[PDB]
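Structure below is my_file-v4.txt: compact mmCIF, C-alpha atoms and all ligand atoms.
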```
# COMPACT_ATOMS: atom_id res chain seq x y z
CA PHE A 1 121.91 28.93 -199.15
CA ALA A 2 119.96 31.54 -201.12
CA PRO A 3 121.32 32.19 -204.64
CA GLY A 4 122.94 35.46 -205.71
CA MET A 5 126.31 37.14 -206.27
CA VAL A 6 127.91 35.70 -203.13
CA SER A 7 129.15 32.18 -203.88
CA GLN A 8 127.85 29.19 -201.92
CA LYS A 9 131.39 28.45 -200.70
CA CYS A 10 131.81 32.06 -199.53
CA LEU A 11 128.49 32.03 -197.66
CA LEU A 12 129.42 28.74 -195.97
CA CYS A 13 132.71 30.24 -194.78
CA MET A 14 130.94 33.38 -193.53
CA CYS A 15 128.28 31.29 -191.77
CA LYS A 16 130.91 29.10 -190.08
CA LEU A 17 132.75 32.19 -188.81
CA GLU A 18 129.77 34.22 -187.61
CA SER A 19 127.87 31.53 -185.71
CA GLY A 20 130.62 29.00 -184.87
CA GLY A 21 129.95 26.29 -187.45
CA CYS A 22 126.85 27.77 -189.13
CA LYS A 23 124.17 27.48 -186.46
CA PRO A 24 120.95 29.35 -185.57
CA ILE A 25 122.46 30.78 -182.38
CA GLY A 26 120.18 33.81 -181.98
CA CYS A 27 121.44 37.18 -180.80
CA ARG A 28 124.65 38.24 -179.10
CA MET A 29 125.72 41.71 -177.95
CA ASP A 30 128.73 43.17 -179.79
CA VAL A 31 129.70 46.85 -180.23
CA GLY A 32 126.65 48.04 -178.24
CA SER A 33 124.06 46.22 -180.35
CA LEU A 34 122.63 42.76 -181.02
CA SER A 35 123.83 40.64 -183.93
CA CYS A 36 121.68 37.61 -184.71
CA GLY A 37 121.72 34.09 -186.06
CA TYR A 38 123.69 32.26 -188.72
CA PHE A 39 125.37 35.36 -190.15
CA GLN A 40 125.19 37.59 -187.05
CA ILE A 41 122.98 40.13 -188.79
CA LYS A 42 122.27 43.43 -187.03
CA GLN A 43 118.90 45.18 -187.27
CA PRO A 44 119.88 48.04 -189.64
CA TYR A 45 121.45 45.44 -191.99
CA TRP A 46 118.20 43.44 -192.04
CA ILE A 47 116.22 46.63 -192.75
CA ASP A 48 118.62 47.51 -195.60
CA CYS A 49 118.54 44.02 -197.13
CA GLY A 50 114.79 44.41 -197.78
CA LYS A 51 113.26 43.03 -194.57
CA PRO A 52 113.02 39.41 -195.79
CA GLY A 53 111.00 36.91 -193.76
CA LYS A 54 108.69 37.58 -190.81
CA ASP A 55 111.03 39.78 -188.76
CA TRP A 56 114.71 40.44 -188.06
CA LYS A 57 115.37 37.78 -185.42
CA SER A 58 113.34 34.95 -187.00
CA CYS A 59 114.94 35.67 -190.39
CA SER A 60 118.41 35.66 -188.82
CA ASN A 61 117.83 32.15 -187.43
CA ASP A 62 116.74 30.74 -190.80
CA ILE A 63 119.46 29.60 -193.18
CA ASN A 64 117.51 30.64 -196.31
CA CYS A 65 116.21 33.99 -195.06
CA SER A 66 119.50 35.06 -193.48
CA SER A 67 121.50 34.15 -196.60
CA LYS A 68 118.88 35.87 -198.80
CA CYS A 69 119.45 38.96 -196.66
CA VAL A 70 123.23 38.74 -197.22
CA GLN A 71 122.72 38.31 -200.98
CA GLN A 72 120.37 41.30 -201.13
CA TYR A 73 122.68 43.49 -199.01
CA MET A 74 125.49 42.84 -201.50
CA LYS A 75 123.15 43.47 -204.45
CA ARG A 76 122.37 46.86 -202.89
CA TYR A 77 125.77 48.03 -201.66
CA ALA A 78 128.68 45.98 -203.09
CA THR A 79 127.57 47.12 -206.54
CA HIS A 80 126.94 50.77 -205.66
CA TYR A 81 130.17 51.20 -203.69
CA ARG A 82 132.23 49.53 -206.45
CA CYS A 83 133.58 46.71 -204.30
CA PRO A 84 135.45 43.80 -205.85
CA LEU A 85 132.67 41.27 -206.40
CA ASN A 86 134.33 38.29 -204.74
CA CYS A 87 134.29 36.66 -201.32
CA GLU A 88 136.87 39.07 -199.89
CA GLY A 89 134.75 42.02 -201.05
CA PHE A 90 131.51 40.52 -199.74
CA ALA A 91 133.03 39.44 -196.40
CA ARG A 92 134.40 42.97 -195.89
CA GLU A 93 130.99 44.46 -196.72
CA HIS A 94 129.32 42.09 -194.29
CA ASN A 95 131.68 43.05 -191.46
CA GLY A 96 132.17 46.74 -192.31
CA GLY A 97 128.85 47.91 -193.77
CA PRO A 98 127.95 49.52 -197.12
CA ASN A 99 131.54 50.56 -197.88
CA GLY A 100 133.34 47.99 -195.71
CA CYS A 101 135.27 46.69 -198.72
CA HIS A 102 137.16 50.04 -198.77
CA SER A 103 137.90 50.15 -195.02
CA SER A 104 141.33 48.76 -194.06
CA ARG A 105 139.84 47.73 -190.70
CA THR A 106 137.80 44.93 -192.32
CA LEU A 107 140.97 43.15 -193.48
CA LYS A 108 141.17 41.55 -190.01
CA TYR A 109 137.79 39.93 -190.68
CA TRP A 110 138.98 38.58 -194.04
CA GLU A 111 142.11 37.26 -192.29
CA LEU A 112 139.96 35.47 -189.70
CA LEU A 113 137.56 34.06 -192.29
CA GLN A 114 140.45 32.31 -194.05
CA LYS A 115 141.41 30.51 -190.83
CA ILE A 116 138.18 28.48 -191.13
CA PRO A 117 139.14 25.04 -192.54
CA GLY A 118 138.68 24.98 -196.32
CA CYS A 119 138.29 28.77 -196.58
CA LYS A 120 141.83 29.88 -197.49
CA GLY A 121 141.55 32.07 -200.61
CA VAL A 122 137.82 31.40 -201.04
CA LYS A 123 136.18 33.21 -204.00
CA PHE B 1 152.09 24.08 -173.67
CA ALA B 2 154.64 26.42 -172.08
CA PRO B 3 153.67 27.85 -168.66
CA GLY B 4 152.85 31.51 -168.00
CA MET B 5 149.89 33.87 -167.65
CA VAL B 6 147.87 32.38 -170.48
CA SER B 7 146.00 29.34 -169.19
CA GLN B 8 146.56 25.94 -170.79
CA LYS B 9 142.86 25.86 -171.76
CA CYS B 10 143.12 29.33 -173.34
CA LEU B 11 146.21 28.32 -175.35
CA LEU B 12 144.52 25.14 -176.60
CA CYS B 13 141.53 27.18 -177.77
CA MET B 14 143.80 29.72 -179.50
CA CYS B 15 145.81 26.88 -181.09
CA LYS B 16 142.69 25.14 -182.40
CA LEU B 17 141.46 28.37 -183.96
CA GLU B 18 144.75 29.50 -185.51
CA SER B 19 145.90 26.29 -187.18
CA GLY B 20 142.63 24.43 -187.83
CA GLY B 21 142.77 22.12 -184.83
CA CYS B 22 146.22 22.90 -183.38
CA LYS B 23 148.67 21.62 -186.03
CA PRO B 24 152.20 22.59 -187.19
CA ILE B 25 150.92 23.86 -190.55
CA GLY B 26 153.84 26.19 -191.30
CA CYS B 27 153.32 29.53 -192.98
CA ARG B 28 150.44 31.05 -194.94
CA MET B 29 149.95 34.48 -196.52
CA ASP B 30 146.67 36.02 -195.47
CA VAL B 31 146.11 39.74 -196.15
CA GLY B 32 149.75 40.45 -197.11
CA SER B 33 151.83 38.92 -194.30
CA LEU B 34 153.24 35.46 -193.54
CA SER B 35 151.89 33.84 -190.37
CA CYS B 36 153.28 30.50 -189.19
CA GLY B 37 152.56 27.31 -187.31
CA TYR B 38 150.35 26.36 -184.38
CA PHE B 39 149.47 29.92 -183.37
CA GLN B 40 150.00 31.60 -186.77
CA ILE B 41 152.76 33.82 -185.41
CA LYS B 42 153.99 36.61 -187.68
CA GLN B 43 157.66 37.60 -187.74
CA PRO B 44 157.45 40.91 -185.78
CA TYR B 45 155.51 39.03 -183.07
CA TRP B 46 158.28 36.41 -182.78
CA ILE B 47 160.90 39.17 -182.63
CA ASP B 48 158.90 40.92 -179.88
CA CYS B 49 158.33 37.73 -177.87
CA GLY B 50 162.10 37.40 -177.36
CA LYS B 51 163.06 35.27 -180.37
CA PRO B 52 162.67 31.87 -178.64
CA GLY B 53 164.07 28.77 -180.35
CA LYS B 54 166.32 28.58 -183.41
CA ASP B 55 164.33 30.91 -185.68
CA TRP B 56 160.82 32.20 -186.39
CA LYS B 57 159.49 29.39 -188.59
CA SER B 58 160.95 26.44 -186.66
CA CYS B 59 159.72 27.98 -183.39
CA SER B 60 156.25 28.50 -184.85
CA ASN B 61 155.99 24.79 -185.78
CA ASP B 62 157.00 23.70 -182.26
CA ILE B 63 154.25 23.39 -179.66
CA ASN B 64 156.51 24.43 -176.74
CA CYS B 65 158.39 27.24 -178.51
CA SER B 66 155.32 28.78 -180.15
CA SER B 67 153.35 28.72 -176.89
CA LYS B 68 156.41 30.12 -175.06
CA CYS B 69 156.35 32.96 -177.58
CA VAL B 70 152.64 33.63 -176.86
CA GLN B 71 153.33 33.62 -173.11
CA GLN B 72 156.23 36.04 -173.46
CA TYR B 73 154.31 38.31 -175.82
CA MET B 74 151.58 38.68 -173.18
CA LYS B 75 154.18 39.18 -170.43
CA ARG B 76 155.60 42.05 -172.49
CA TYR B 77 152.45 43.75 -173.76
CA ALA B 78 149.26 42.68 -171.93
CA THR B 79 150.86 43.98 -168.74
CA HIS B 80 152.17 47.27 -170.19
CA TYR B 81 148.94 48.13 -172.05
CA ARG B 82 146.83 47.27 -168.97
CA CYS B 83 144.78 44.53 -170.65
CA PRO B 84 142.53 42.30 -168.58
CA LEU B 85 144.84 39.38 -167.80
CA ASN B 86 142.50 36.61 -168.89
CA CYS B 87 141.83 34.57 -172.02
CA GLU B 88 139.78 37.38 -173.62
CA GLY B 89 142.60 39.89 -173.11
CA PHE B 90 145.28 37.48 -174.33
CA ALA B 91 143.28 36.27 -177.36
CA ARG B 92 142.65 39.87 -178.42
CA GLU B 93 146.33 40.77 -177.95
CA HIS B 94 147.26 37.78 -180.11
CA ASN B 95 144.81 38.83 -182.83
CA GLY B 96 145.37 42.60 -182.70
CA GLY B 97 148.91 43.23 -181.46
CA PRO B 98 150.29 45.06 -178.37
CA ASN B 99 147.04 46.96 -177.68
CA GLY B 100 144.62 44.55 -179.40
CA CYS B 101 142.71 44.03 -176.14
CA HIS B 102 141.50 47.65 -176.44
CA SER B 103 140.49 47.41 -180.11
CA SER B 104 136.92 46.54 -181.11
CA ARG B 105 138.17 44.75 -184.26
CA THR B 106 139.58 41.85 -182.21
CA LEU B 107 136.17 40.99 -180.74
CA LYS B 108 135.14 38.76 -183.67
CA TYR B 109 138.20 36.60 -182.95
CA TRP B 110 137.24 36.33 -179.26
CA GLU B 111 133.62 35.55 -180.23
CA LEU B 112 134.79 32.74 -182.56
CA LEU B 113 137.29 31.32 -180.05
CA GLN B 114 134.48 30.81 -177.50
CA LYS B 115 132.45 28.76 -180.00
CA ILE B 116 135.15 26.09 -180.36
CA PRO B 117 134.06 22.94 -178.43
CA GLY B 118 135.38 23.12 -174.85
CA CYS B 119 136.07 26.85 -175.11
CA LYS B 120 132.82 28.43 -173.89
CA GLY B 121 133.55 30.87 -171.05
CA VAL B 122 137.30 30.14 -171.17
CA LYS B 123 139.48 32.14 -168.75
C1 LIG C 201 126.04 41.68 -190.65
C2 LIG C 201 125.96 43.06 -190.07
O1 LIG C 201 124.97 43.39 -189.41
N1 LIG C 201 126.99 43.87 -190.31
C3 LIG C 201 127.18 45.11 -189.58
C4 LIG C 201 127.08 46.30 -190.54
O2 LIG C 201 125.77 46.36 -191.06
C5 LIG C 201 127.44 47.62 -189.85
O3 LIG C 201 127.58 48.66 -190.79
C6 LIG C 201 126.47 49.57 -190.76
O4 LIG C 201 125.43 49.11 -191.61
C7 LIG C 201 124.28 49.94 -191.65
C8 LIG C 201 123.19 49.18 -192.41
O5 LIG C 201 123.60 48.99 -193.75
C9 LIG C 201 124.69 51.28 -192.28
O6 LIG C 201 123.60 52.18 -192.34
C10 LIG C 201 123.23 52.47 -193.70
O7 LIG C 201 124.18 53.29 -194.35
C11 LIG C 201 123.83 53.58 -195.69
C12 LIG C 201 125.01 54.26 -196.38
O8 LIG C 201 125.38 55.40 -195.64
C13 LIG C 201 122.56 54.44 -195.69
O9 LIG C 201 122.16 54.78 -197.00
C14 LIG C 201 121.42 53.67 -195.02
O10 LIG C 201 120.30 54.51 -194.85
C15 LIG C 201 121.85 53.14 -193.65
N2 LIG C 201 120.84 52.20 -193.17
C16 LIG C 201 120.25 52.32 -191.98
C17 LIG C 201 119.10 51.40 -191.70
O11 LIG C 201 120.61 53.14 -191.13
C18 LIG C 201 125.80 51.91 -191.44
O12 LIG C 201 126.29 53.07 -192.08
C19 LIG C 201 126.95 50.94 -191.22
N3 LIG C 201 127.89 51.51 -190.26
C20 LIG C 201 129.14 51.83 -190.57
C21 LIG C 201 129.92 52.49 -189.48
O13 LIG C 201 129.65 51.62 -191.68
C22 LIG C 201 128.76 47.48 -189.09
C23 LIG C 201 129.10 48.74 -188.29
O14 LIG C 201 128.14 48.94 -187.28
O15 LIG C 201 128.71 46.37 -188.21
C24 LIG C 201 128.51 45.12 -188.85
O16 LIG C 201 128.52 44.10 -187.87
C1 LIG C 202 150.26 36.22 -183.69
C2 LIG C 202 150.59 37.46 -184.47
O1 LIG C 202 151.52 37.45 -185.28
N1 LIG C 202 149.83 38.53 -184.22
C3 LIG C 202 149.77 39.67 -185.12
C4 LIG C 202 150.17 40.97 -184.40
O2 LIG C 202 151.50 40.85 -183.94
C5 LIG C 202 149.99 42.19 -185.31
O3 LIG C 202 150.13 43.39 -184.57
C6 LIG C 202 151.42 44.00 -184.74
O4 LIG C 202 152.37 43.43 -183.86
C7 LIG C 202 153.67 43.98 -183.97
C8 LIG C 202 154.64 43.11 -183.18
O5 LIG C 202 154.32 43.19 -181.80
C9 LIG C 202 153.61 45.44 -183.50
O6 LIG C 202 154.87 46.06 -183.60
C10 LIG C 202 155.40 46.43 -182.31
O7 LIG C 202 154.74 47.54 -181.73
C11 LIG C 202 155.21 47.89 -180.43
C12 LIG C 202 154.34 48.99 -179.84
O8 LIG C 202 154.11 50.02 -180.77
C13 LIG C 202 156.69 48.30 -180.51
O9 LIG C 202 157.19 48.56 -179.21
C14 LIG C 202 157.53 47.19 -181.16
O10 LIG C 202 158.83 47.66 -181.44
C15 LIG C 202 156.89 46.70 -182.46
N2 LIG C 202 157.58 45.50 -182.90
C16 LIG C 202 158.18 45.41 -184.09
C17 LIG C 202 159.05 44.21 -184.31
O11 LIG C 202 158.04 46.25 -184.98
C18 LIG C 202 152.64 46.18 -184.43
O12 LIG C 202 152.51 47.52 -184.01
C19 LIG C 202 151.27 45.50 -184.47
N3 LIG C 202 150.43 46.11 -185.48
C20 LIG C 202 149.31 46.75 -185.18
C21 LIG C 202 148.48 47.22 -186.35
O13 LIG C 202 148.93 46.97 -184.02
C22 LIG C 202 148.59 42.16 -185.92
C23 LIG C 202 148.34 43.30 -186.90
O14 LIG C 202 146.96 43.32 -187.19
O15 LIG C 202 148.36 40.94 -186.60
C24 LIG C 202 148.38 39.81 -185.75
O16 LIG C 202 148.09 38.69 -186.53
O1 LIG C 203 143.44 41.68 -164.92
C1 LIG C 203 144.14 42.74 -164.32
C2 LIG C 203 144.13 43.97 -165.22
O2 LIG C 203 142.82 44.51 -165.21
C3 LIG C 203 142.64 45.59 -166.11
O3 LIG C 203 141.29 46.01 -166.08
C4 LIG C 203 143.56 46.74 -165.70
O4 LIG C 203 143.42 47.82 -166.59
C5 LIG C 203 145.00 46.26 -165.70
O5 LIG C 203 145.87 47.29 -165.28
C6 LIG C 203 145.14 45.04 -164.80
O6 LIG C 203 146.47 44.57 -164.87
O1 LIG C 204 142.88 35.63 -165.06
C1 LIG C 204 143.23 34.46 -165.79
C2 LIG C 204 143.07 33.24 -164.89
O2 LIG C 204 141.70 33.08 -164.54
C3 LIG C 204 141.52 32.11 -163.53
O3 LIG C 204 140.17 32.08 -163.12
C4 LIG C 204 141.95 30.73 -164.05
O4 LIG C 204 141.85 29.78 -163.01
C5 LIG C 204 143.39 30.79 -164.57
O5 LIG C 204 143.74 29.57 -165.19
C6 LIG C 204 143.58 31.95 -165.54
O6 LIG C 204 144.94 32.07 -165.88
PT PT C 205 123.84 44.45 -174.98
PT PT C 206 122.14 44.15 -175.35
PT PT C 207 125.48 50.52 -186.92
PT PT C 208 140.96 49.29 -200.15
PT PT C 209 145.41 44.25 -190.02
PT PT C 210 153.49 36.11 -199.22
PT PT C 211 152.70 44.27 -188.56
PT PT C 212 152.72 46.45 -188.16
```
As structure tokens, please, write out the structure in this file.
Ligand SMILES: CC(=O)N[C@@H]1[C@@H](O)[C@H](O[C@@H]2O[C@H](CO)[C@@H](O[C@@H]3O[C@H](CO)[C@@H](O)[C@H](O)[C@H]3NC(C)=O)[C@H](O)[C@H]2NC(C)=O)[C@@H](CO)O[C@H]1O
Ligand SMILES: CC(=O)N[C@@H]1[C@@H](O)[C@H](O[C@@H]2O[C@H](CO)[C@@H](O[C@@H]3O[C@H](CO)[C@@H](O)[C@H](O)[C@H]3NC(C)=O)[C@H](O)[C@H]2NC(C)=O)[C@@H](CO)O[C@H]1O
Ligand SMILES: OC[C@H]1O[C@@H](O)[C@H](O)[C@@H](O)[C@@H]1O
Ligand SMILES: OC[C@H]1O[C@@H](O)[C@H](O)[C@@H](O)[C@@H]1O
Ligand SMILES: [Pt+2]
Ligand SMILES: [Pt+2]
Ligand SMILES: [Pt+2]
Ligand SMILES: [Pt+2]
Ligand SMILES: [Pt+2]
Ligand SMILES: [Pt+2]
Ligand SMILES: [Pt+2]
Ligand SMILES: [Pt+2]
Amino acid sequence: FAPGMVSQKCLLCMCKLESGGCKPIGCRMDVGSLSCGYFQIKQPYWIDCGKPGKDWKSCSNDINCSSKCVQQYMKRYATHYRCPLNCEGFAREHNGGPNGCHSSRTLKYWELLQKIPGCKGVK
Amino acid sequence: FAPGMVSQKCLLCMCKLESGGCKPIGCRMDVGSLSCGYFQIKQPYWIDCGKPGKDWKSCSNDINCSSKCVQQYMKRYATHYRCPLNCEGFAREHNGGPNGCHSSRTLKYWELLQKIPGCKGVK
């Protein structure tokens, strides 16, 4: 995956959770909007992460572009919103948005992520 | 698995997700609570499902007892809270509690369950 603050092990866990084993699955409807690809990235997220690649959907289905987006989203928001800079923090940002790490709701996502084999207590 | 409203296919899918391939893995602390066994049953859940078997942890590590608990939990709550009585409803109850089927947070769990081999479109 693309380098950055989110660890390779953390990204792999997130990818396995979002797309069912880390696969370029395209877009699925959830909470009234489409989430796409390896990391199930929504359109506003892709806009915020600096619009990497050709476009939202093609980026989402590319392991390098989609992970670059995740890295850049965390660079933008996990820092600004003073999240813990670890997999739990990043996972909660990914699921909850710019201040997801401070929303109790995102703990269910972190719980689920750790059910993925090899992902218990990932940093 | 134990008989009841939750289909055998649904239970297998839930079991595979919860314990990394449906195994009596005992208890783990994710997010500040101990969850145990095949279906990663927490203690209040086991109390609510009618305390089947000898105790919480032994029940949780037993394929019949733990699935009996799931069945009885749904009999208690999925009915009362007017959930859809299908794998989606039951999976979301399991993930989110008595009214989990009406919480958006439990959707990620349902989305992941469906991506387990054999589990696409499970009812
Ligand atoms: C992987 C993924 O798509 N995750 C989803 C989250 O992105 C989403 O949270 C929402 O994210 C957007 C995009 O970052 C947030 O909008 C931004 O908010 C910041 C801070 O207020 C603002 O400065 C930006 O202008 C704005 N960007 C745009 C393009 O509008 C939005 O606030 C987040 N929503 C919430 C409720 O926190 C969540 C929730 O929809 O879902 C994830 O799946
Ligand atoms: C498999 C598993 O352990 N699932 C977890 C859920 O059980 C848990 O949700 C919480 O479940 C408990 C037990 O059913 C809920 O407490 C019950 O609430 C009902 C209705 O309010 C009440 O009648 C019962 O007396 C009460 N039981 C006890 C023993 O207190 C509790 O409210 C649920 N919590 C929430 C937030 O809804 C969720 C929590 O996220 O985790 C699952 O893993
Ligand atoms: O599957 C049957 C269930 O469907 C739901 O849409 C209803 O709200 C429940 O009351 C009903 O028991
Ligand atoms: O509503 C749930 C039910 O759906 C039916 O279509 C299936 O045949 C049952 O196995 C399942 O329990
Ligand atoms: Pt849609
Ligand atoms: Pt749609
Ligand atoms: Pt949004
Ligand atoms: Pt917090
Ligand atoms: Pt929770
Ligand atoms: Pt503990
Ligand atoms: Pt609880
Ligand atoms: Pt509780």
Which distance in Å separates atom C4 of ligand LIG 204 (chain C) and CA of residue 14 (chain B), to one decimal? 15.6 Å
Can you check which residues of chain B have any atom within 10 Å of chain A? Use only C-alpha atoms and format it as number ranges by chain. B: 17-21, 28-32, 40, 95-96, 104-109, 111-117
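If all atoms listed in the file are the atoms counted, then among A:122, A:75, A:7, A:36 the closest residue to residue 59 (chain A) is A:36.
Interatomic distance, atom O6 of ligand LIG 203 (chain C) to CA of residue 5 (chain B): 11.6 Å.
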Superposed chain B (on chain A, all in-order C-alpha pairs) as an mmCIF file with C-alpha atoms, in the frame of the given file:
```cif
data_model
loop_
_atom_site.group_PDB
_atom_site.id
_atom_site.type_symbol
_atom_site.label_atom_id
_atom_site.label_comp_id
_atom_site.auth_asym_id
_atom_site.auth_seq_id
_atom_site.Cartn_x
_atom_site.Cartn_y
_atom_site.Cartn_z
ATOM 1 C CA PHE B 1 121.994 28.878 -199.015
ATOM 2 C CA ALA B 2 120.060 31.415 -201.096
ATOM 3 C CA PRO B 3 121.452 32.088 -204.601
ATOM 4 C CA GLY B 4 123.047 35.367 -205.702
ATOM 5 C CA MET B 5 126.447 37.004 -206.160
ATOM 6 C CA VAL B 6 127.989 35.583 -203.012
ATOM 7 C CA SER B 7 129.234 32.070 -203.728
ATOM 8 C CA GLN B 8 127.907 29.133 -201.716
ATOM 9 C CA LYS B 9 131.464 28.458 -200.479
ATOM 10 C CA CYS B 10 131.870 32.108 -199.419
ATOM 11 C CA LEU B 11 128.554 32.054 -197.518
ATOM 12 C CA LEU B 12 129.487 28.825 -195.719
ATOM 13 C CA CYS B 13 132.785 30.375 -194.630
ATOM 14 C CA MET B 14 131.026 33.551 -193.438
ATOM 15 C CA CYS B 15 128.400 31.445 -191.620
ATOM 16 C CA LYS B 16 131.029 29.332 -189.858
ATOM 17 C CA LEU B 17 132.840 32.447 -188.676
ATOM 18 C CA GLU B 18 129.797 34.435 -187.541
ATOM 19 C CA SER B 19 127.931 31.811 -185.529
ATOM 20 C CA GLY B 20 130.708 29.452 -184.392
ATOM 21 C CA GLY B 21 130.215 26.792 -187.044
ATOM 22 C CA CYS B 22 127.070 28.021 -188.835
ATOM 23 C CA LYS B 23 124.296 27.674 -186.218
ATOM 24 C CA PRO B 24 121.001 29.497 -185.463
ATOM 25 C CA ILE B 25 122.375 30.976 -182.228
ATOM 26 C CA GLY B 26 119.978 33.931 -182.023
ATOM 27 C CA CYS B 27 121.114 37.312 -180.790
ATOM 28 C CA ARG B 28 124.163 38.501 -178.856
ATOM 29 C CA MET B 29 125.293 41.961 -177.736
ATOM 30 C CA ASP B 30 128.864 42.634 -178.749
ATOM 31 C CA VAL B 31 130.161 46.225 -178.553
ATOM 32 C CA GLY B 32 126.713 47.788 -177.968
ATOM 33 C CA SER B 33 124.480 46.301 -180.681
ATOM 34 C CA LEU B 34 122.410 43.121 -181.054
ATOM 35 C CA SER B 35 123.524 40.803 -183.862
ATOM 36 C CA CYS B 36 121.517 37.672 -184.665
ATOM 37 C CA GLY B 37 121.633 34.156 -186.026
ATOM 38 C CA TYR B 38 123.717 32.350 -188.628
ATOM 39 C CA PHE B 39 125.365 35.467 -190.056
ATOM 40 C CA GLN B 40 125.054 37.713 -186.969
ATOM 41 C CA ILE B 41 122.880 40.211 -188.821
ATOM 42 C CA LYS B 42 122.167 43.501 -187.056
ATOM 43 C CA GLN B 43 118.786 45.205 -187.400
ATOM 44 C CA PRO B 44 119.767 48.071 -189.781
ATOM 45 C CA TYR B 45 121.384 45.453 -192.055
ATOM 46 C CA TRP B 46 118.141 43.430 -192.179
ATOM 47 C CA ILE B 47 116.166 46.605 -192.901
ATOM 48 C CA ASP B 48 118.603 47.482 -195.714
ATOM 49 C CA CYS B 49 118.577 43.977 -197.215
ATOM 50 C CA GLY B 50 114.847 44.338 -197.947
ATOM 51 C CA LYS B 51 113.335 42.923 -194.748
ATOM 52 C CA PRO B 52 113.078 39.293 -195.956
ATOM 53 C CA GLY B 53 110.989 36.831 -193.939
ATOM 54 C CA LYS B 54 108.621 37.561 -191.053
ATOM 55 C CA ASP B 55 110.957 39.759 -188.990
ATOM 56 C CA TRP B 56 114.626 40.409 -188.213
ATOM 57 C CA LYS B 57 115.244 37.754 -185.554
ATOM 58 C CA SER B 58 113.282 34.901 -187.157
ATOM 59 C CA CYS B 59 114.944 35.651 -190.511
ATOM 60 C CA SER B 60 118.381 35.678 -188.889
ATOM 61 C CA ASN B 61 117.819 32.175 -187.436
ATOM 62 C CA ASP B 62 116.753 30.792 -190.835
ATOM 63 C CA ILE B 63 119.485 29.547 -193.160
ATOM 64 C CA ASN B 64 117.619 30.567 -196.353
ATOM 65 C CA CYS B 65 116.295 33.932 -195.131
ATOM 66 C CA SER B 66 119.547 35.053 -193.502
ATOM 67 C CA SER B 67 121.598 34.108 -196.571
ATOM 68 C CA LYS B 68 118.979 35.801 -198.795
ATOM 69 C CA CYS B 69 119.525 38.918 -196.696
ATOM 70 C CA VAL B 70 123.320 38.713 -197.230
ATOM 71 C CA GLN B 71 122.803 38.276 -200.983
ATOM 72 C CA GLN B 72 120.462 41.254 -201.184
ATOM 73 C CA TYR B 73 122.713 43.421 -199.029
ATOM 74 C CA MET B 74 125.569 42.833 -201.489
ATOM 75 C CA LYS B 75 123.250 43.424 -204.463
ATOM 76 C CA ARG B 76 122.376 46.798 -202.930
ATOM 77 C CA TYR B 77 125.756 48.003 -201.683
ATOM 78 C CA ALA B 78 128.726 46.050 -203.111
ATOM 79 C CA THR B 79 127.570 47.149 -206.558
ATOM 80 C CA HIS B 80 126.917 50.815 -205.678
ATOM 81 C CA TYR B 81 130.174 51.279 -203.726
ATOM 82 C CA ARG B 82 132.186 49.559 -206.495
ATOM 83 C CA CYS B 83 133.544 46.748 -204.306
ATOM 84 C CA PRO B 84 135.363 43.825 -205.878
ATOM 85 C CA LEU B 85 132.528 41.345 -206.411
ATOM 86 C CA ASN B 86 134.188 38.358 -204.780
ATOM 87 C CA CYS B 87 134.283 36.721 -201.356
ATOM 88 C CA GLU B 88 136.806 39.271 -200.017
ATOM 89 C CA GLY B 89 134.598 42.190 -201.074
ATOM 90 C CA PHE B 90 131.424 40.580 -199.729
ATOM 91 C CA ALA B 91 132.996 39.464 -196.424
ATOM 92 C CA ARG B 92 134.320 42.982 -195.831
ATOM 93 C CA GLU B 93 130.933 44.521 -196.687
ATOM 94 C CA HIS B 94 129.307 42.139 -194.206
ATOM 95 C CA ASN B 95 131.805 43.074 -191.488
ATOM 96 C CA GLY B 96 132.053 46.816 -192.180
ATOM 97 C CA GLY B 97 128.779 47.950 -193.749
ATOM 98 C CA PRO B 98 127.945 49.532 -197.155
ATOM 99 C CA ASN B 99 131.547 50.614 -197.865
ATOM 100 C CA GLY B 100 133.334 48.055 -195.656
ATOM 101 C CA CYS B 101 135.229 46.676 -198.665
ATOM 102 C CA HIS B 102 137.156 49.982 -198.783
ATOM 103 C CA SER B 103 137.937 50.101 -195.052
ATOM 104 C CA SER B 104 141.200 48.692 -193.684
ATOM 105 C CA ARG B 105 139.471 47.686 -190.415
ATOM 106 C CA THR B 106 137.573 44.853 -192.140
ATOM 107 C CA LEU B 107 140.787 43.114 -193.224
ATOM 108 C CA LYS B 108 141.202 41.190 -189.946
ATOM 109 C CA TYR B 109 137.791 39.606 -190.580
ATOM 110 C CA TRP B 110 138.828 38.595 -194.117
ATOM 111 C CA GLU B 111 142.160 37.259 -192.788
ATOM 112 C CA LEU B 112 140.330 35.126 -190.181
ATOM 113 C CA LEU B 113 137.697 33.875 -192.645
ATOM 114 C CA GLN B 114 140.444 32.432 -194.888
ATOM 115 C CA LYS B 115 141.892 30.417 -191.987
ATOM 116 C CA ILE B 116 138.680 28.429 -191.457
ATOM 117 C CA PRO B 117 139.167 24.870 -192.847
ATOM 118 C CA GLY B 118 138.067 24.770 -196.503
ATOM 119 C CA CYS B 119 138.163 28.558 -196.815
ATOM 120 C CA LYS B 120 141.720 29.251 -198.003
ATOM 121 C CA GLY B 121 141.638 31.331 -201.200
ATOM 122 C CA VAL B 122 137.817 31.395 -201.252
ATOM 123 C CA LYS B 123 136.208 33.404 -204.078
#
```
Which chains and residue numbers are within 10 Å of ligand PT 211 (chain C), counting all atoms listed in the file, if I want them as a ChimeraX atom specification? /B:32-33,42-45,96-97
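Straight-line separation from CA of residue 66 (chain B) to CA of residue 41 (chain B): 7.7 Å.
Where the distance criterion is 9 Å and the atoms used are all atoms listed in the file, the residues close to ligand LIG 204 (chain C) are residues 4, 5, 6, 7, 8, 9, 10, 84, 85, 86, 87, 122 and 123 of chain B.
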